[PDB]
RNA sequence: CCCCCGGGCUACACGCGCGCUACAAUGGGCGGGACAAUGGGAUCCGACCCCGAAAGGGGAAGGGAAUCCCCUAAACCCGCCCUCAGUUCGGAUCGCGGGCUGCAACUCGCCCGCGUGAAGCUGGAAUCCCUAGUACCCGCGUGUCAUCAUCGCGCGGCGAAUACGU
Ligand SMILES: [Zn+2]
């Protein structure tokens with residue numbers, strides 16, 4: 001069978017697919033084991049290490065991500081992967097483990113930017129030019 | 001086998017350094033033109049100078065003498081289309097300063113804006129002098 | 001005598017454009033075909049159909 | 001086994017080492033006297049940079065083909081230190097890329113679609129996958145989790 | 001150049017950065033026990049959360065705290081080591097990549113030298129740099145006094161970590177020495193009670209002034 | 001002996017314009033290529049009529065953007081500075097420069113003392 | 001044969017009117033339809049300065065004009081075209097039709 | 001009053017405001033690997049091919065805006081050289097040369113290539129901006145626009161510290 005899933009993060013969407021397999025995980029055509037840098041690699045591998053061995057050894061996963069930086073992509077991918085693992089395994093034990101570790105795994109973040117205002121529009125909404133007196 | 005001060009034409013250089021940076025000490029020769037010279041000469045620019053035979057020194061100086069004949073491109077040269085000869089040519093050290101001086105002097109002789117600015121000691125390329133250029 | 005009274009044509013620069021409503025020279029909106037100055041647009045905008053919305 | 005299963009820098013090194021045994025790929029007259037972009041100041045510090053350039057161009061054509069000479073010009077650009085003025089991104093030049101693509105065609109590694117970029121031929125697609133299989137057989141000794149691919 | 005077996009690391013268990021254990025650690029200071037987070041994790045990165053909640057500083061890993069205190073640009077509008085350290089374009093501000101690498105090399109050197117666990121070493125350093133006393137200005141009848149007041153276990157940690165990162169930033173300003181090596185030296189000194197530690201120095205200075213004003 | 005890029009005045013005087021324009025810098029090349037304007041052509045006609053006889057009066061013009069050609073040597077041209085007509089006697093070394101580099105507009109500044 | 005109708009307007013009610021009208025005329029008769037299809041909305045923004053002089057802090061005025069678009073394909077049957085061209089469209093809507 | 005043709009608002013012993021660029025390793029250079037969003041387009045955007053070392057030049061599909069273009073952004077990762085020095089930091093100022101827009105580029109325009117290589121080694125008294133996807137840091141459209149952005153209005157990428165008071 002096949003299970004499709006999604007994941008979001010600031011200006012970034014990931015679509016994931018899971019099925020039966022050997023244990024392969026590709027993120028946008030290149031394996032996870034050689035993702036760079038390490039700070040973005042551990043982010044994606046965390047759920048695959050939490051789930052365990054006898055669960056991931058028998059699933060092949062695929063992810064396609066688009067938009068918003070390497071950190072955004074990695075987090076969206078971790079979210080999609082965790083949701084798909086839970087949907088595929090049906091283990092409240094796994095659910096509670098993931099939620100103890102970090103609840104955003106399954107309950108994604110909900111933060112975007114804030115528009116800017118007209119004193120220093122490039123810098124931001126609350127940075128302002130320097131006064132003189 | 002190794003030396004500490006080599007003597008290319010007129011000027012002396014630091015053998016503890018690489019050749020492309022040691023040749024950078026001759027006025028009129030940068031890093032890019034030094035690289036070009038060394039490539040047309042057949043020398044690695046990463047070897048510590050001092051391991052520079054009189055063979056190589058002579059070759060470099062003969063290169064510097066007439067670069068556009070050894071195939072240095074005419075655009076990558078200091079003084080193209082000289083005033084009274086055409087003859088895209090190159091100048092280092094003692095010749096260079098005299099060319100600068102003669103150019104400014106002929107600008108001064110015909111009583112031109114640029115020469116008058118050179119005299120008075122002011123900017124020449126259209127800058128604004130009210131808030132900056134303070135001595 | 002009729003020649004030395006009226007302008008040379010300008011296809012570019014600053015004297016090429018002029019406000020439709022009042023006749024000003026310098027500040028002119030050109031966005032999406034408009035030809036009003038920054039002053040007349042602020043007065044005739046709620047008629048053209050613009051809103052605050054911000 | 002395939003290009004998408006190995007790192008790009010390693011692959012490019014291992015491909016540029018082999019691009020030299022191919023004779024249709026040779027530097028031109030003006031290679032030593034030239035800078036790789038308006039956005040640069042000093043010349044390349046290597047004597048065999050042409051082959052790295054042509055390997056990278058080969059592999060980018062592979063990946064993002066059909067691709068012509070403006071997207072590669074953009075990918076081979078960068079920000080220029082302009083002095084007291086602030087920095088801006090600028091594009092590279094369009095003779096190196098063009099001569100590289102022409103030489104690759106002469107070797108028969110790429111073909112031009114009539115009006116749509118430029119693409120790889122089957123032998124050009126064989127070269128890289130061969131080299132990648134080799135490099136992977138090598139890495140699997142240090143990264144024992146690369147076997148399943 | 002790093003070997004491939006370190007450039008491509010894959011953790012096999014749940015350990016800090018996948019390398020160092022966190023259960024063998026210990027703390028004997030009860031005032032700080034409940035504010036030093038030693039939860040078994042892999043990547044210590046919290047993306048800003050636990051910050052708008054008042055006491056959210058107690059669910060973050062000391063390693064991430066140290067990392068965010070390492071993300072520094074010298075010191076502005078005050079002075080440390082006798083200089084303003086203003087960088088403005090060459091600083092690792094909003095670069096947890098570089099901060100992570102720094103702390104990594106630091107713990108590497110610590111494990112290489114001390115033959116112990118760098119997290120236990122860091123805990124002892126934070127203890128021995130935790131000030132128990134400070135000063136303040138209280139008023140009665142409309143005059144300003146100078147009193148000595150106890151400090152809380154949540155502010156002790158903050159000052160300790162800040163001072164460690166400042167000593168690191170100082171030992172590396174326009175000298176051949178590196179940020180990671182200086183941080184490692186600072187931590188070792190703070191743990192071993194050597195006056196070469198900006199942190200121990202500041203602690204003893206604070207407590208001295210406070211005992212005086214007592 | 002004056003030489004302009006290897007050739008003398010007598011040779012430059014017989015060289016045509018597309019020949020003499022490859023000897024100039026890029027800007028004058030572009031000007032000559034694009035073309036001379038009515039007033040410039042008028043001034044050239046006056047200069048030619050003058051250097052052989054007829055025009056016995058002096059040359060005057062507001063054209064500060066005309067380039068000094070060879071045939072314009074040995075004649076004094078009065079060029080506008082905004083207020084008066086400054087006389088420039090053109091010499092063999094002026095070739096290739098504009099006619100306003102020798103007729104200045106502002107007057108040198110000799111300062112005083114500042115107030116408040 | 002098919003026919004494709006594009007609609008643009010500053011008002012959503014006129015668009016809904018036309019959509020309902022052609023949808024019903026095509027339903028009462030036998031014709032397979034398409035849509036209605038929403039395309040993204042086109043916003044013309046203009047930020048200007050309020051003061052007609054220089055003095056004073058800078059307070060800016062942001063005006064916006066939103067334009068909503070719709071698309072339809074109707075299959076251009078025998079009488080469908082002639083019965084659809086006989087529509088009473090308001091003059092605040094821009095309607096165009098193209099035969100493919 | 002209304003037009004034209006040339007000059008000036010760009011003149012410079014100095015005092016101030018706002019900013020840009022830096023005075024190094026929490027880095028400079030060369031070579032290779034990556035990942036956006038907002039917006040705009042008729043004598044306008046111009047893919048693709050060909051000349052030129054670069055700036056730039058000649059053909060030209062498609063596009064009247066979820067269809068085509070402007071658009072493989074920079075900071076970031078990897079490998080080699082430099083190893084605390086007025087330097088491989090810094091990059092002003094000048095010279096010779098080559099080009100674009102324009103009826104006209106000296107006064108007074110932007111861009112490129114080679115040379116030259118100035119002060120600056122962290123800053124007194126004082127003083128400004130900021131509470132969360134916020135500030136610091138990185139670059140990008142657009143407004144002006146025949147050319148010209150160290151500015152204004154907006155866009156995203158990386159991402160904290162401290163207080164929950166007086
Ligand atoms: Zn008006």
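The count begins at 1 with the first shown residue.
Cβ from N, Cα, C; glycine included.
Record features, source Swiss-Prot:
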BINDING   C:19, C:22, C:37, C:40  Zn(2+) binding site
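Structure with Swiss-Prot features highlighted.
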residue: C:19; record: Zn(2+) binding site; Cβ neighbours (10 Å): 19
residue: C:22; record: Zn(2+) binding site; Cβ neighbours (10 Å): 10
residue: C:37; record: Zn(2+) binding site; Cβ neighbours (10 Å): 22
residue: C:40; record: Zn(2+) binding site; Cβ neighbours (10 Å): 17
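The Zn(2+) site is defined by C:19, C:22, C:37, C:40, and by the 8 Å test on Cβ atoms against their centroid, the other residues of the chain that qualify are C:20, C:21, C:23, C:24, C:28, C:36, C:39, C:41. In three-state terms derived from DSSP, residue C:19 (Zn(2+) binding site) belongs to neither a helical nor a strand segment and is classed as coil. Secondary structure at residue C:37 (Zn(2+) binding site), taken from DSSP and collapsed to helix, strand or coil, is coil.
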